[PDB]
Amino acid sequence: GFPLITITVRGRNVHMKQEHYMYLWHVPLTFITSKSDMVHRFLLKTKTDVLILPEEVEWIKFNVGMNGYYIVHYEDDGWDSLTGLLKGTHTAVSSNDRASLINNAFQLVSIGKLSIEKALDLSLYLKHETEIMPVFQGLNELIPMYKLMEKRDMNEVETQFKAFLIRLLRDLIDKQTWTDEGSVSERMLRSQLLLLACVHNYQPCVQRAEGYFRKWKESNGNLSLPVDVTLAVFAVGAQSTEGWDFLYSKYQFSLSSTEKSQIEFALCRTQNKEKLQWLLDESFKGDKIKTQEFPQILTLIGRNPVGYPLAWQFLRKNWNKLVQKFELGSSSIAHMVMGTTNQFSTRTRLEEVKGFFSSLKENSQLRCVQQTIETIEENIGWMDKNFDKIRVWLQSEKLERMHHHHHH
């Protein structure tokens, strides 16, 4: 793994600890503070050391001058100080600094040094966030949590989780234009935001999506849709049979591969089980859809909240043919093993997976089988510890917005 730096503030005394998480080096640290101007530097040569600030401070923010991944942990007191800072003047640290805070808080939950409650409390600052990185870093931590819940019996918490997500980003979603203007960033922010809104059934997005789809479809796809809006439009269009079939017709006749890829995604997101089975059957066959696309499709259906048992079944039933087609040690096979199983989080699923792959003999030894089993094992541990916590944190924050003592 990687360097983990623990920062502890004791009045004007800053204590710094280094460890390699998962022995010692000269850690080049930088930091600013609520009093600071510029960036201060400190070379940490020992296990722990202390520097002295000229004045007590309200928050401190460290970086490590290195390429690659590391974590800075500030402990309960320091994580609250940074939380208050992000909720008060988030721009006091840079766009990349805020993505780091988000990433590190949540990874510190998997590690067990920060509670999920504190990390979720940090995530609430996002309601003021506007920059792509912290936003996408937010999505990168939070989505995996409900992907896990989608494969269990947790409909009530999952929907409360998803509405929490949409609430964080709702103002930013309402600000987007349904156009192609802006920088590379703004177009990508737009495009992924509108999609996310529609996947979670945020009505103003969904209904504007349905209107664009209808207009596109009535034109025989002759009207040009803005490109940044098309995944969202396609994804809602594909929710009905008429629109799915229409979209499937166009996939056939299209000579634009970014269209074909957009449509491919939209077709895989339907709730209709017979369509999902068809996509798998036809892509596997290789004539209506290229078999080249099959590992991608299997994976996308593996992630559909309703297609996930079809994907793991299909992989198990057709294994000998999938191997003939793609080859045992291929990246295609590893991608497929991982995308149909790495979001399971129960012992039963784990025994299923171990059962199936240990029953293959010299067809069992693949490293992707060990790596999915590891991740499932982490999933089990993370969900058993955190699900009840998240459940109570969500109901308790929905209650507090209705009434809280600050309302007096």
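Residues carry their position along the shown sequence, with the first being 1.
The modelled chain breaks between residue 363 and residue 364, where 1 to 3 residues of the deposited sequence lack coordinates.
In this entry, residue 22 and residue 23 are separated by 10 or more residues of the deposited sequence that lack coordinates.
If you average the C-alpha B-factors over 260-268 and over 128-136, the higher value belongs to 260-268.
On average the C-alpha atoms of 354-362 have higher B-factors than those of the other stretch, with 354-362 and 341-349 being the two compared.
Residues shown: 225, 235, 301, 196. Highest C-alpha temperature factor in the entry: 225. Out of 117, 80, 181, 158, the entry records its largest CA B-factor for 181.
When the modelled residues of the chain are ordered by their C-alpha B factor, residue 38 lands in the highest third. Ranked by C-alpha B-factor against the other modelled residues of its chain, residue 398 falls in the highest third. Ranked by C-alpha B-factor against the other modelled residues of its chain, residue 286 falls in the highest third. Sort the modelled residues of the chain by CA B factor and residue 329 lands in the highest third.
Ranked within its chain, residue 29 lands in the lowest third, by CA B factor from the PDB record.
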